[PDB]
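FYI, it's all coordinate maths here, none of it is from the lab. Because the Cβ atoms are built from the backbone with ideal geometry, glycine has one as well, and the counts that use them run over all protein chains shown.
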């Protein structure tokens, strides 16, 4: 069992890209098993031209890695397709 607090941040040239990326990576869109989503606090918001992702999780180590791998894949694909 682990307790994790994660914050990821990155920046774009414009506010519109940050707003588009922040909306794209909503937890509702990510292929995390629905059971794992229940015990996960995941929020993404734009702050000017910057994107901020905040994760809070408590549970098994293996589920943390799954959650984070899914999130990073979603972020990377959102950047590739929308930005």
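Using the rule -39500 (n - 2.57) for each DSSP H run of four or more residues, divided by the residues of the chain, the 222 nm mean residue ellipticity is -14000 deg cm²/dmol. Enumerate the residues in region 9-43 having an amide nitrogen under 16 Å from the point lying 7 Å beyond the Cα of residue 81 toward its Cβ. 20-32, by backbone N distance to the label point.
Taking 38, 56, 19 as the candidate residues, the one with maximal mean-square fluctuation in a Gaussian network model of the chain, Cα springs under 10 Å, is 38. Axis of helix 15-24 versus longest Cα principal axis of the chain: the two differ by about 30°, to the nearest ten degrees.
Taking a point 7 Å from the Cα of residue 68 along the Cα-to-Cβ direction, the residues of region 35-53 with backbone N closer than 17 Å to it are 37, 40-43, 53. Working from Cα pairs under 8 Å separated by at least six residues, relative contact order for the chain is 42 percent.
Against the main long axis of the alpha-carbon atoms of the chain, helix 61-82 sits at an angle near 20°.
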